[PDB]
file structure_5.tsv (TSV, C-alpha atoms)
chain	number	residue	atom	x	y	z
A	5	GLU	CA	20.96	0.18	-1.20
A	6	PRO	CA	17.79	-1.94	-1.45
A	7	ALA	CA	15.43	-2.45	1.46
A	8	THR	CA	16.11	-5.68	3.39
A	9	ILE	CA	13.72	-8.64	3.70
A	10	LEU	CA	13.87	-11.73	5.94
A	11	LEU	CA	11.74	-14.73	4.97
A	12	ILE	CA	10.50	-17.06	7.68
A	13	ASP	CA	8.44	-19.88	6.20
A	14	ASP	CA	8.16	-23.59	5.63
A	15	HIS	CA	6.10	-23.31	2.48
A	16	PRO	CA	8.31	-23.83	-0.62
A	17	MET	CA	5.75	-22.75	-3.25
A	18	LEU	CA	5.16	-19.53	-1.29
A	19	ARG	CA	8.87	-18.74	-0.90
A	20	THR	CA	9.38	-19.31	-4.63
A	21	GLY	CA	6.78	-16.80	-5.76
A	22	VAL	CA	7.80	-14.25	-3.16
A	23	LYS	CA	11.49	-14.57	-4.13
A	24	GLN	CA	10.56	-14.39	-7.81
A	25	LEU	CA	8.68	-11.11	-7.29
A	26	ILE	CA	11.40	-9.67	-5.06
A	27	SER	CA	13.99	-10.39	-7.75
A	28	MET	CA	12.06	-8.08	-10.07
A	29	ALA	CA	12.04	-5.10	-7.66
A	30	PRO	CA	15.57	-3.60	-7.72
A	31	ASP	CA	14.97	-1.64	-4.52
A	32	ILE	CA	13.95	-4.51	-2.22
A	33	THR	CA	15.99	-7.62	-1.53
A	34	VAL	CA	15.99	-10.86	0.48
A	35	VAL	CA	18.75	-10.84	3.09
A	36	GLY	CA	17.87	-14.09	4.89
A	37	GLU	CA	15.70	-17.23	4.91
A	38	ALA	CA	14.67	-19.50	7.80
A	39	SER	CA	12.48	-22.62	7.71
A	40	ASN	CA	11.32	-22.56	11.32
A	41	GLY	CA	10.51	-19.91	13.91
A	42	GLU	CA	13.45	-20.61	16.20
A	43	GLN	CA	15.91	-20.10	13.35
A	44	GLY	CA	14.10	-17.09	11.90
A	45	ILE	CA	13.70	-15.35	15.26
A	46	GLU	CA	17.42	-15.38	15.94
A	47	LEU	CA	18.11	-14.23	12.35
A	48	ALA	CA	15.61	-11.38	12.68
A	49	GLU	CA	17.35	-9.90	15.70
A	50	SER	CA	20.81	-10.11	14.17
A	51	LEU	CA	19.91	-8.83	10.66
A	52	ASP	CA	17.27	-6.35	11.92
A	53	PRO	CA	15.76	-6.16	8.40
A	54	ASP	CA	13.30	-3.55	7.16
A	55	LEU	CA	10.72	-6.29	6.65
A	56	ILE	CA	10.19	-9.74	8.13
A	57	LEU	CA	7.72	-12.01	6.32
A	58	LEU	CA	6.28	-14.65	8.67
A	59	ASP	CA	4.39	-17.80	7.63
A	60	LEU	CA	1.79	-18.43	10.35
A	61	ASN	CA	1.06	-21.90	8.97
A	62	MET	CA	4.45	-23.62	9.59
A	63	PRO	CA	4.64	-27.05	11.34
A	64	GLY	CA	3.49	-26.75	14.91
A	65	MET	CA	0.10	-25.03	14.76
A	66	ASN	CA	1.70	-22.15	16.69
A	67	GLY	CA	1.98	-19.20	14.30
A	68	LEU	CA	0.81	-16.71	16.92
A	69	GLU	CA	3.35	-18.03	19.46
A	70	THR	CA	6.07	-17.53	16.85
A	71	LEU	CA	4.78	-14.01	16.17
A	72	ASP	CA	5.01	-13.42	19.94
A	73	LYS	CA	8.58	-14.65	20.24
A	74	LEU	CA	9.62	-12.72	17.15
A	75	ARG	CA	7.98	-9.61	18.54
A	76	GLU	CA	9.84	-10.06	21.89
A	77	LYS	CA	13.09	-9.38	20.01
A	78	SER	CA	14.53	-5.87	19.66
A	79	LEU	CA	13.53	-4.94	16.10
A	80	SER	CA	13.18	-1.71	14.13
A	81	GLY	CA	11.47	-3.13	11.04
A	82	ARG	CA	7.99	-4.10	9.94
A	83	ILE	CA	6.49	-7.57	10.36
A	84	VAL	CA	3.97	-8.86	7.83
A	85	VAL	CA	2.44	-12.30	8.34
A	86	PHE	CA	1.25	-14.75	5.66
A	87	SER	CA	-1.72	-16.98	6.40
A	88	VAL	CA	-4.32	-19.09	4.57
A	89	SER	CA	-6.93	-18.14	7.19
A	90	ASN	CA	-9.79	-16.03	5.88
A	91	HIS	CA	-11.12	-15.45	9.41
A	92	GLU	CA	-11.54	-11.69	9.57
A	93	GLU	CA	-10.73	-11.75	13.28
A	94	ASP	CA	-7.34	-13.29	12.49
A	95	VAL	CA	-6.16	-10.09	10.78
A	96	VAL	CA	-7.16	-8.21	13.95
A	97	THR	CA	-5.43	-10.71	16.23
A	98	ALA	CA	-2.17	-10.56	14.22
A	99	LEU	CA	-2.18	-6.78	14.38
A	100	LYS	CA	-2.98	-6.82	18.08
A	101	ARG	CA	-0.09	-9.26	18.55
A	102	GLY	CA	2.56	-7.19	16.76
A	103	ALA	CA	2.25	-7.62	13.00
A	104	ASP	CA	2.18	-4.43	10.90
A	105	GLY	CA	0.35	-6.28	8.15
A	106	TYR	CA	-1.31	-9.53	7.15
A	107	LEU	CA	-1.41	-11.11	3.66
A	108	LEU	CA	-3.22	-14.14	2.22
A	109	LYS	CA	-1.10	-16.68	0.33
A	110	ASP	CA	-3.33	-16.59	-2.79
A	111	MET	CA	-2.67	-13.01	-4.01
A	112	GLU	CA	-2.28	-12.12	-7.67
A	113	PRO	CA	1.42	-11.60	-8.49
A	114	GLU	CA	1.04	-7.87	-9.19
A	115	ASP	CA	-0.97	-7.29	-6.02
A	116	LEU	CA	1.58	-9.22	-3.97
A	117	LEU	CA	4.45	-7.22	-5.48
A	118	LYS	CA	2.76	-3.95	-4.56
A	119	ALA	CA	2.18	-5.18	-1.00
A	120	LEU	CA	5.77	-6.41	-0.63
A	121	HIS	CA	7.31	-3.22	-2.00
A	122	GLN	CA	5.09	-1.09	0.25
A	123	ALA	CA	5.86	-3.17	3.33
A	124	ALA	CA	9.63	-3.14	2.75
A	125	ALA	CA	10.06	0.29	1.11
A	126	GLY	CA	6.86	2.37	1.07
A	127	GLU	CA	4.65	4.40	3.39
A	128	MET	CA	2.24	2.30	5.38
A	129	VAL	CA	-0.70	3.47	7.49
A	130	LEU	CA	-3.37	1.25	9.05
A	131	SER	CA	-6.82	1.30	7.48
A	132	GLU	CA	-9.51	3.41	9.12
A	133	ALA	CA	-11.42	0.12	9.42
A	134	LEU	CA	-8.91	-1.60	11.72
A	135	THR	CA	-7.82	1.60	13.48
A	136	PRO	CA	-10.62	1.67	16.10
A	137	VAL	CA	-9.87	-1.99	16.77
A	138	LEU	CA	-6.17	-1.65	17.64
A	139	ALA	CA	-6.95	1.55	19.52
A	140	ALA	CA	-9.19	-0.37	21.93
A	141	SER	CA	-6.49	-3.02	22.33
A	142	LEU	CA	-4.09	-0.30	23.53
A	150	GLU	CA	1.31	3.69	31.05
A	151	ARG	CA	3.58	5.20	28.40
A	152	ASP	CA	6.14	7.63	29.82
A	153	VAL	CA	6.76	9.83	26.68
A	154	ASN	CA	9.04	12.10	28.64
A	155	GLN	CA	11.61	9.33	28.84
A	156	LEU	CA	12.31	9.84	25.13
A	157	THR	CA	15.30	11.89	23.91
A	158	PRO	CA	14.59	14.61	21.26
A	159	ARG	CA	15.87	12.38	18.48
A	160	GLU	CA	13.70	9.47	19.72
A	161	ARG	CA	10.67	11.79	19.68
A	162	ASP	CA	11.48	12.92	16.12
A	163	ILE	CA	11.83	9.24	15.20
A	164	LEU	CA	8.49	8.42	16.86
A	165	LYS	CA	6.69	11.25	15.09
A	166	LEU	CA	7.86	10.10	11.63
A	167	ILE	CA	7.28	6.38	12.43
A	168	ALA	CA	3.69	7.36	13.36
A	169	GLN	CA	3.35	8.95	9.91
A	170	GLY	CA	3.92	5.50	8.44
A	171	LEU	CA	7.20	6.51	6.79
A	172	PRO	CA	9.79	3.92	5.67
A	173	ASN	CA	13.36	4.07	7.12
A	174	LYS	CA	14.89	5.74	4.04
A	175	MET	CA	12.41	8.58	4.24
A	176	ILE	CA	12.99	9.03	7.99
A	177	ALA	CA	16.79	8.93	7.58
A	178	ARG	CA	16.59	11.67	4.96
A	179	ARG	CA	14.20	13.97	6.84
A	180	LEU	CA	16.33	13.80	9.97
A	181	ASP	CA	19.67	13.74	8.13
A	182	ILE	CA	20.89	10.51	9.74
A	183	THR	CA	21.75	7.07	8.33
A	184	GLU	CA	19.15	4.27	8.26
A	185	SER	CA	21.46	2.41	10.70
A	186	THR	CA	20.95	5.21	13.18
A	187	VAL	CA	17.22	5.28	12.47
A	188	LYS	CA	17.04	1.54	13.28
A	189	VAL	CA	18.91	2.02	16.59
A	190	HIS	CA	16.54	4.77	17.67
A	191	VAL	CA	13.40	2.86	16.63
A	192	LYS	CA	14.38	-0.12	18.76
A	193	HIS	CA	15.22	2.07	21.77
A	194	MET	CA	12.07	4.17	21.43
A	195	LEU	CA	9.66	1.18	21.08
A	196	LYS	CA	11.31	-0.48	24.09
A	197	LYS	CA	10.90	2.64	26.24
A	198	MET	CA	7.33	3.38	25.12
A	199	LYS	CA	6.40	-0.32	25.42
A	200	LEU	CA	4.88	-0.26	21.93
A	201	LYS	CA	5.03	-3.69	20.25
A	202	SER	CA	5.33	-2.41	16.71
A	203	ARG	CA	5.54	0.51	14.32
A	204	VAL	CA	1.75	0.29	13.66
A	205	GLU	CA	1.14	0.22	17.43
A	206	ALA	CA	3.22	3.43	17.60
A	207	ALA	CA	1.20	5.15	14.87
A	208	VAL	CA	-2.08	4.31	16.68
A	209	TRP	CA	-0.79	5.37	20.11
A	210	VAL	CA	0.46	8.71	18.79
A	211	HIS	CA	-2.91	9.19	17.08
A	212	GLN	CA	-5.07	8.53	20.15
A	213	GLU	CA	-2.89	10.65	22.44
A	214	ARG	CA	-2.22	13.33	19.81
A	215	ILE	CA	1.12	13.62	21.62
A	216	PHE	CA	2.14	15.69	18.60

call {"tool": "encode", "arguments": {"input": "structure_5.tsv", "output": "structure tokens"}}
result
Amino acid sequence: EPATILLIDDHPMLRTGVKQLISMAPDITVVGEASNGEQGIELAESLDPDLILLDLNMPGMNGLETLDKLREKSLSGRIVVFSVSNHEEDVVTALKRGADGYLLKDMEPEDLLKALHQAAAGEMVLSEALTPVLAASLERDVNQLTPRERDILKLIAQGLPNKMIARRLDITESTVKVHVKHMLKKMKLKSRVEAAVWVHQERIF
């Protein structure tokens, strides 16, 4: 079963290249497409895909607001935003706001494929460079987690993809997804990257 991807954009040339690359990676696949944030946000919660690709440059000049609304939803997957902004601080703001990654729209095809496959199906840990930054941005009642939720949190913090977590814990990805949503909600962590940083600072494990 290939990893699931939801595309939220209003940039045809971008969608084309992304869908072209995805069609050449047997283990990752597009499960939905939305041309505006309102549509995509509702689709994200219902499909609960492994990866949600969000265009921060759609009509409205409100990419961050759309990231916020998306992030308010109960999701177990990763969120990677696309933007034409080269402002270094924008990568930091996206991460602080709930994105697990940030990509420019001008990447070489092979570099974009590697990024897409990693985001949807590979291990993903935040760079040492941005780590101190999200750390500072970061109440959490860890004892409210069930054993399984703690095991889920520990592996999520390792940057492991759902298939790898499902296997290590001998549970289906469906179950992994259910636990990830519950755990993030209880710990008040906005994202999987936020969970890896929290666990790291606290050394809860």

call {"tool": "closest_residue", "arguments": {"input": "structure_5.tsv", "among": "A:191, A:108, A:139, A:200", "to": "residue 79 (chain A)", "atoms": "only C-alpha atoms"}}
result
A:191

call {"tool": "residues_near_point", "arguments": {"input": "structure_5.tsv", "point": "(16.9, 3.7, 8.9)", "cutoff": "8 Å", "atoms": "all atoms listed in the file", "output": "list in words"}}
result
residues 172, 173, 174, 176, 177, 182, 183, 184, 185, 186, 187 and 188 of chain A

call {"tool": "residues_around", "arguments": {"input": "structure_5.tsv", "residues": "residue 23 (chain A)", "least_positions_apart": "4", "cutoff": "9 Å", "atoms": "all atoms listed in the file", "output": "number ranges by chain"}}
result
A: 18-19, 27-28, 33-34

call {"tool": "closest_residue", "arguments": {"input": "structure_5.tsv", "among": "A:138, A:129, A:123, A:48", "to": "residue 77 (chain A)", "atoms": "only C-alpha atoms"}}
result
A:48

call {"tool": "atom_distance", "arguments": {"input": "structure_5.tsv", "atom1": "CA of residue 124 (chain A)", "atom2": "CA of residue 69 (chain A)"}}
result
23.2 Å

call {"tool": "closest_residue", "arguments": {"input": "structure_5.tsv", "among": "A:205, A:181, A:13, A:150", "to": "residue 103 (chain A)", "atoms": "only C-alpha atoms"}}
result
A:205

call {"tool": "closest_residue", "arguments": {"input": "structure_5.tsv", "among": "A:71, A:189, A:194, A:171", "to": "residue 158 (chain A)", "atoms": "only C-alpha atoms"}}
result
A:194

call {"tool": "atom_distance", "arguments": {"input": "structure_5.tsv", "atom1": "CA of residue 46 (chain A)", "atom2": "CA of residue 11 (chain A)"}}
result
12.4 Å

call {"tool": "atom_distance", "arguments": {"input": "structure_5.tsv", "atom1": "CA of residue 75 (chain A)", "atom2": "CA of residue 45 (chain A)"}}
result
8.7 Å

call {"tool": "closest_residue", "arguments": {"input": "structure_5.tsv", "among": "A:87, A:141, A:50, A:40", "to": "residue 70 (chain A)", "atoms": "all atoms listed in the file"}}
result
A:40

call {"tool": "build_atoms", "arguments": {"input": "structure_5.tsv", "residues": "region 58-87 of chain A", "atoms": "N, CA and C atoms", "output": "mmCIF file, in the frame of the given file"}}
result
data_model
loop_
_atom_site.group_PDB
_atom_site.id
_atom_site.type_symbol
_atom_site.label_atom_id
_atom_site.label_comp_id
_atom_site.auth_asym_id
_atom_site.auth_seq_id
_atom_site.Cartn_x
_atom_site.Cartn_y
_atom_site.Cartn_z
ATOM 1 N N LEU A 58 6.491 -13.455 7.848
ATOM 2 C CA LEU A 58 6.280 -14.650 8.670
ATOM 3 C C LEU A 58 5.085 -15.528 8.278
ATOM 4 N N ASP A 59 5.383 -16.787 7.987
ATOM 5 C CA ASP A 59 4.390 -17.800 7.630
ATOM 6 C C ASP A 59 3.752 -18.244 8.949
ATOM 7 N N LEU A 60 2.453 -18.023 9.103
ATOM 8 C CA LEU A 60 1.790 -18.430 10.350
ATOM 9 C C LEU A 60 1.275 -19.847 10.292
ATOM 10 N N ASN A 61 1.529 -20.532 9.178
ATOM 11 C CA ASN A 61 1.060 -21.900 8.970
ATOM 12 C C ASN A 61 2.176 -22.969 8.954
ATOM 13 N N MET A 62 3.327 -22.670 9.551
ATOM 14 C CA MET A 62 4.450 -23.620 9.590
ATOM 15 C C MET A 62 4.124 -24.739 10.576
ATOM 16 N N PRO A 63 4.830 -25.881 10.464
ATOM 17 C CA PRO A 63 4.640 -27.050 11.340
ATOM 18 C C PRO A 63 4.635 -26.659 12.791
ATOM 19 N N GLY A 64 3.574 -27.043 13.496
ATOM 20 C CA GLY A 64 3.490 -26.750 14.910
ATOM 21 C C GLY A 64 2.183 -26.144 15.366
ATOM 22 N N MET A 65 1.385 -25.636 14.433
ATOM 23 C CA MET A 65 0.100 -25.030 14.760
ATOM 24 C C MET A 65 0.278 -23.960 15.841
ATOM 25 N N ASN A 66 1.351 -23.185 15.714
ATOM 26 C CA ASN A 66 1.700 -22.150 16.690
ATOM 27 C C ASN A 66 2.235 -20.876 16.019
ATOM 28 N N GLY A 67 1.535 -20.396 15.000
ATOM 29 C CA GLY A 67 1.980 -19.200 14.300
ATOM 30 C C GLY A 67 1.978 -17.987 15.201
ATOM 31 N N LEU A 68 0.929 -17.840 15.997
ATOM 32 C CA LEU A 68 0.810 -16.710 16.920
ATOM 33 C C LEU A 68 1.905 -16.690 17.984
ATOM 34 N N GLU A 69 2.295 -17.871 18.453
ATOM 35 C CA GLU A 69 3.350 -18.030 19.460
ATOM 36 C C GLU A 69 4.680 -17.609 18.857
ATOM 37 N N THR A 70 4.866 -17.913 17.575
ATOM 38 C CA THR A 70 6.070 -17.530 16.850
ATOM 39 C C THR A 70 6.062 -16.014 16.607
ATOM 40 N N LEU A 71 4.885 -15.449 16.352
ATOM 41 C CA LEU A 71 4.780 -14.010 16.170
ATOM 42 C C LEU A 71 5.180 -13.355 17.491
ATOM 43 N N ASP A 72 4.706 -13.921 18.599
ATOM 44 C CA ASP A 72 5.010 -13.420 19.940
ATOM 45 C C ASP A 72 6.486 -13.406 20.244
ATOM 46 N N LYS A 73 7.156 -14.526 19.981
ATOM 47 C CA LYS A 73 8.580 -14.650 20.240
ATOM 48 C C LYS A 73 9.392 -13.724 19.351
ATOM 49 N N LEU A 74 8.954 -13.598 18.110
ATOM 50 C CA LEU A 74 9.620 -12.720 17.150
ATOM 51 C C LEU A 74 9.524 -11.298 17.695
ATOM 52 N N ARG A 75 8.297 -10.918 18.024
ATOM 53 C CA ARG A 75 7.980 -9.610 18.540
ATOM 54 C C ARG A 75 8.708 -9.284 19.858
ATOM 55 N N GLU A 76 9.109 -10.294 20.628
ATOM 56 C CA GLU A 76 9.840 -10.060 21.890
ATOM 57 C C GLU A 76 11.246 -9.525 21.626
ATOM 58 N N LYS A 77 11.758 -9.814 20.430
ATOM 59 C CA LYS A 77 13.090 -9.380 20.010
ATOM 60 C C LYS A 77 13.151 -7.871 19.805
ATOM 61 N N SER A 78 14.351 -7.309 19.884
ATOM 62 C CA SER A 78 14.530 -5.870 19.660
ATOM 63 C C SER A 78 14.628 -5.655 18.147
ATOM 64 N N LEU A 79 13.568 -5.129 17.548
ATOM 65 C CA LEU A 79 13.530 -4.940 16.100
ATOM 66 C C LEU A 79 13.046 -3.552 15.726
ATOM 67 N N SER A 80 13.568 -3.029 14.624
ATOM 68 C CA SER A 80 13.180 -1.710 14.130
ATOM 69 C C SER A 80 12.288 -1.792 12.887
ATOM 70 N N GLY A 81 12.250 -2.961 12.252
ATOM 71 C CA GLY A 81 11.470 -3.130 11.040
ATOM 72 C C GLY A 81 10.015 -3.478 11.167
ATOM 73 N N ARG A 82 9.391 -3.725 10.019
ATOM 74 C CA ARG A 82 7.990 -4.100 9.940
ATOM 75 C C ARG A 82 7.874 -5.610 9.887
ATOM 76 N N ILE A 83 6.760 -6.136 10.397
ATOM 77 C CA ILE A 83 6.490 -7.570 10.360
ATOM 78 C C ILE A 83 5.170 -7.768 9.635
ATOM 79 N N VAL A 84 5.181 -8.580 8.591
ATOM 80 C CA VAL A 84 3.970 -8.860 7.830
ATOM 81 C C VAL A 84 3.849 -10.383 7.829
ATOM 82 N N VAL A 85 2.688 -10.866 8.263
ATOM 83 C CA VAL A 85 2.440 -12.300 8.340
ATOM 84 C C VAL A 85 1.647 -12.807 7.135
ATOM 85 N N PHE A 86 1.921 -14.059 6.758
ATOM 86 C CA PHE A 86 1.250 -14.750 5.660
ATOM 87 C C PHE A 86 0.385 -15.807 6.321
ATOM 88 N N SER A 87 -0.844 -15.960 5.851
ATOM 89 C CA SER A 87 -1.720 -16.980 6.400
ATOM 90 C C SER A 87 -2.767 -17.370 5.381
#
